[PDB]
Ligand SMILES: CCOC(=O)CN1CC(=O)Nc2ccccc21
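Next up: a single chain in structure tokens, the form solved without the ligand.
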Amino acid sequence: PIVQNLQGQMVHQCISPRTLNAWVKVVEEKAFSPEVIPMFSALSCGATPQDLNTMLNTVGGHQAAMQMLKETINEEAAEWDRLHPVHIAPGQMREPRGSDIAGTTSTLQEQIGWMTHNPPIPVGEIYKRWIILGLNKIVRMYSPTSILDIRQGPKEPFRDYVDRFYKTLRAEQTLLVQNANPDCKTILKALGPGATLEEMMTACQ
């Protein structure tokens, strides 16, 4: 990644073994549960495009997902090239294409040059946006259940039902009451409109 040194200047640092392992392990343990995306974003803080590719390429499984991600990246790269056409001057900085932002046709030195320019051309952040767009699509695709099929069991505590409900809603990206069991539904109907989630959960506790 690119970080500020103790002095203050923006310099390249090697991606750490801790970071590399953390990403690999969270994908192994969580697959594409929605919470993997904010973890990816945090683990890739200050990442160059090279670093972002390292993280994606170190994933051993889920190659259907990784291929879908490449499709999304290529679509975003194509849209970049449509909006930002490029025409080199000796010793000068060239303008980045989509494939340069994605790190496939740009060197680490070019990437550092763009990211540490004044003003910065934030190719790491632009690429991370494309990757997260693609990851969101994967999360949605691999979401196993419709919110319509999250219904409270006869003996299921309301809290556990609400956990399943909002877990599903997050993956899928009034109904809470409708999908509740008969006893809690009657209680929730009697609360009236404008009841908070806290008040509903207290009522059915």
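Sequential numbering from 1, following the sequence displayed.
Peer 1: Counting only other entries where the flanking residues are modelled, do a third or more lack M115?
Peer 2: Residue status for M115: no gap in any other entry.
Peer 1: Hey, does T72 drop out of the model in a third or more of the other PDB entries compared here?
Peer 2: Counting only entries that model residues on both sides, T72 is resolved in every one of them.
Peer 1: Report, from the record, the number of residues in the deposited sequence between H87 and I88 that have no coordinates, as none, 1 to 3, 4 to 9, or 10 or more.
Peer 2: 1 to 3 residues lack coordinates between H87 and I88.
Peer 1: As recorded in the PDB entry, how many deposited residues are without coordinates between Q173 and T174: none, 1 to 3, 4 to 9, or 10 or more?
Peer 2: Per the deposited record, the segment joining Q173 and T174 lacks coordinates for 10 or more residues.
Peer 1: Averaging only over Cα atoms, indicate whether 174-182 or 43-51 has the higher B-factor in the PDB entry.
Peer 2: It is 174-182.
Peer 1: Quick check: 93-101 versus 78-86, which has the larger average CA B-factor in the record?
Peer 2: Higher of the two, by average CA B-factor, is 78-86.
Peer 1: Determine, from the deposited record, the chain-internal third of the Cα B-factor for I121: lowest, middle or highest.
Peer 2: It belongs to the highest third of the chain when residues are ordered by C-alpha B-factor.
Peer 1: What third of the chain does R159 rank in for C-alpha temperature factor, lowest, middle or highest?
Peer 2: Its C-alpha B-factor, which the entry lists for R159, ranks in the middle third among residues of this chain.
Peer 1: Which third of the chain holds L169 when residues are ordered by C-alpha B factor: lowest, middle or highest?
Peer 2: Answer is lowest: the recorded C-alpha B-factor places it there.
Peer 1: Would the CA B-factor of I15 place it in the lowest, middle or highest third of its chain?
Peer 2: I15: CA B-factor falls in the middle third of its chain.
Peer 1: By the recorded C-alpha temperature factor, relative to the other modelled residues in its chain, which third is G153 in?
Peer 2: Middle third by C-alpha B-factor.
Although not depicted, the form deposited with the ligand bound is the subject of the following passage.
Peer 1: If you check in the bound PDB entry, is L56 within 4.5 Å of the ligand, heavy atoms only?
Peer 2: So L56 counts as contacting the ligand.
Peer 1: With heavy atoms only and a cut-off of 4.5 Å, decide whether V139 touches the ligand in the bound PDB entry.
Peer 2: No.
Peer 1: How about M66 - does it come within 4.5 Å of the ligand in the bound PDB entry, if we only consider non-hydrogen atoms?
Peer 2: Yes, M66 sits close enough to the ligand in the bound PDB entry that at least one of its heavy atoms falls within 4.5 Å.
Peer 1: Taking the ligand as it sits in the bound PDB entry, is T116 near enough to touch it, meaning that at least one heavy atom pair lies within 4.5 angstroms?
Peer 2: Looking in the bound PDB entry, residue contacts with the ligand do not include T116, since no heavy atom lies within 4.5 Å.
Peer 1: So which residues in 59-92, when you check the ligand in the bound PDB entry, have a heavy atom no farther than 4.5 Å from it?
Peer 2: Those in contact are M66, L69, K70, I73, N74, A77.
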